Each structure stands twice: as C-alpha cells, then as structure tokens.
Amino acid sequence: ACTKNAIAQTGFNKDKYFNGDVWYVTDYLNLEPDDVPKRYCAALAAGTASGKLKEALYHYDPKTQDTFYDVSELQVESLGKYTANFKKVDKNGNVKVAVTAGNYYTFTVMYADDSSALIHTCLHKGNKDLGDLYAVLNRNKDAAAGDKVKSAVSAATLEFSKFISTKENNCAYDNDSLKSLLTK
C-alpha cells in the first residue's frame, strides 16, 4: 500500500508541464521491495485535449519485452495533484481494457522546470497491493539528472543514491505514439 502524501511544487506551472510533449523516466524509487522489476523503462506525454488534462503512458520491460500503453484523463485534487483513471490501449489508441473504478493512479508533481521533474505516483489496480513510486523525469531521453531536480529530491528528504537508473537499459521509446495518444 501507499504511505506518502506527496507535496506538490509551490507555484507549479500546469500549462508548461501539460504542454503535449514527452517526459522520459530516467531514475525511479519504489518504496515497496520487489514491487517492480529492477530493470525497466517508462515515458509519458502530458497535455490537454478539449480542455481536459490527459496523460499517455508507455511501459517497456527490456528483459521480457512486456510492453503496454495507457491513456488517462486527469481529475484535479489541487494544484499539481491528480487522480487518473487509466485505459489500456495499443499504440494506436485502440482500447484493450476499459476504464474501471478502482483502476486509477494518483500523480503529484513535486518539482518541475523546463527540462526536468520529480513526481510521485500511487497505483491502484484491482486487488493488487502496490506502493509509492517516485520518478525523475527529463525532456531528453536518458539525460543525466541535473542539479535542480537532484536538489528537489534532497529537499523532499529522499536520497538520490537510492534511485534506480533506467538510462543504461536498452530501451527505445515511441515518442510519436505517445504524443498522438493524448487525444484518445
């Protein structure tokens, strides 16, 4: 289960974050042991469509090849803090698993600037018992974490040395599909 009430960035700029562009996960920290594979890759696009906040997600396991996409409409809890019902889709936006109650994640943007972000997410999926996940994001694939986001990790009282890097995994990203999915 999740245990953290993540605090959103003071002065979070939603229009800049939800601009339709892609964010790559470069480093992550799951608070629950063995909750996720130690080698993994993920990216998301965040944008608006008809005034609705949307995210499209991409997960890729570089070992098993398990690959999936999701689309979510985000509902606002407060500035920088959202609740998202996800539907699993193929890369084209075709629905594979419909939205259902109890299938949702929370999403909190703890820090963001032009090129980087620190987020917290808590995933709820059926009767699975999942824990908190922090992720360092960058606009550039596999970019080393800069001083601003690393300082934000510290300011959140987290130890960046504990984060697991995705940068060394052989991962490819379909950034074009992520951007197109925002409308789906």
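Counting begins at 1, following the sequence as shown.
The PDB entry records a higher mean C-alpha B factor for 91 to 99 than for its counterpart among 91 to 99 and 75 to 83. The stretch with the higher mean CA B factor, choosing between 164 to 172 and 20 to 28, is 164 to 172. If you compare the C-alpha temperature factors of 121, 138, 48, 154 in the entry, 48 comes out highest.
Listed residues 128, 54, 148, 59 were ranked by CA B-factor as deposited; 128 comes out on top. Residue 117 sits in the lowest third of its chain by CA B factor, as recorded in the PDB entry. Among the modelled residues of its chain, residue 1 has a C-alpha B-factor that falls in the highest third, as given in the PDB entry.
Sort the chain's modelled residues by C-alpha temperature factor and residue 36 lands in the highest third, per the entry.
Ranked against the other modelled residues of its chain, the C-alpha B-factor of residue 70 as given in the entry falls in the lowest third.
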